[PDB]
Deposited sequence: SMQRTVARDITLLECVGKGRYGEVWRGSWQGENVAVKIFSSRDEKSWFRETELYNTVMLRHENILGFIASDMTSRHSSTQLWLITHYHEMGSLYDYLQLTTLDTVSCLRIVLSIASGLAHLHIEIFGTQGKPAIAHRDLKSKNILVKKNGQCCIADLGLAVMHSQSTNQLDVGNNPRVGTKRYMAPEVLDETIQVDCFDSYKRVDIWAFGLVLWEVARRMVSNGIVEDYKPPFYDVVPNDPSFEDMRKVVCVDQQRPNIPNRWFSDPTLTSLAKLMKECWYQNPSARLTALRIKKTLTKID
């Protein structure tokens, strides 16, 4: 039989230290192709090892198609091939889109749904998985208004995370490194920050905040580890809740939720399953 492997790369939709992401075409269909830099080969290996262990399939997890290693004269070429989401990342989308109540809740409940699927051990199934780099750039927007979580290159099964999104126990190096629940609680902190990023873009009473990243008002661009530790650990700052949220029942409930993702004590934070239940009871 014929095995048609050729993927046509059509346009670059992302370029970074990680490497590049391309829109590509296979058998008439869009795919996304991540081409890894030599510097980030371990992310390809980790994601590949995870998908070789458990073929994750969930509407709120970026859909795996293939992992390819190709021999070159003096290098190895590493590609990850996934479903393609033409609307791009949540980070992108929030820059120049505002949200209504239904669209804001749909976005955050879909993220919670994908995160709970990662976190839960299923017997018979899947190991429990912590993401370790959850942020708005690692979430894609689907045409149906739900999102999906991307990038399992740092994931752990039962490179460091993006510093802006690191929980206090990562910054002060007190995290219980041998304890798997610790890694779930790090993801919940980062989820709370994403929830704040999204909520800001939800209109109420004709008011909306501009897109900003978490801690935009207290750290520089590309904040250092120390910059983050002073804000989050020493001063124990948290993102601002605008007064206008307290006129809106949805944003009032979301503020409460994000507070319960940001406790200094990791074991006080809500679980992804409890976040889902809370979001299903809002509106």
(Q) Need the unmodelled segments of the deposited chain, numbered from 1, in order. (A) 1-3, 128-129, 164-176
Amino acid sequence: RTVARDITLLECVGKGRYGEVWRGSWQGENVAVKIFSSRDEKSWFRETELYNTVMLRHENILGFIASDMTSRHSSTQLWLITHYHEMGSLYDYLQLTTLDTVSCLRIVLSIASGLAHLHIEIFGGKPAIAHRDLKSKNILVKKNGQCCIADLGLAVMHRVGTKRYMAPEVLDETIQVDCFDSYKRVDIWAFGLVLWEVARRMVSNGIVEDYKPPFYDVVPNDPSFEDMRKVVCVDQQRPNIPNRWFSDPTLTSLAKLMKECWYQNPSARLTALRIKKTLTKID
From here on, numbers count along this sequence of modelled residues.
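Between two forms, the rigid core is the largest collection of C-alphas that superpose within 1.5 Å.
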**Q.** Farther-lying stretch by C-alpha RMS in 6 other deposited structures of this protein, rigid core as reference, of 5-13 and 271-279
**A.** 5-13
Q: Find the stretch among 106-114 and 75-83 with the larger RMS C-alpha deviation in 6 other deposited structures of this protein, all structures being superposed on the shown form by the rigid core.
A: 75-83
Q) What stretch has the higher average Cα B-factor here, 147-155 or 174-182? A) 174-182
Q. Where do the C-alpha atoms have the higher mean temperature factor in this entry, in 69-77 or in 204-212?
A. 69-77
Q) So where's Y93 on the chain's Cα temperature factor ranking, which third? A) middle
Q) Can you tell me which third, lowest, middle or highest, the CA B-factor of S38 falls into for its chain? A) highest
Q: Comparing against every modelled residue in the chain, figure out the third that the C-alpha B-factor of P239 lands in (lowest, middle or highest).
A: middle
Q) Among the chain's modelled residues, which third holds the C-alpha B-factor of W26? A) highest
Q: Report the third (lowest, middle or highest) to which the CA temperature factor of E226 belongs, ranking only the modelled residues of the same chain.
A: middle
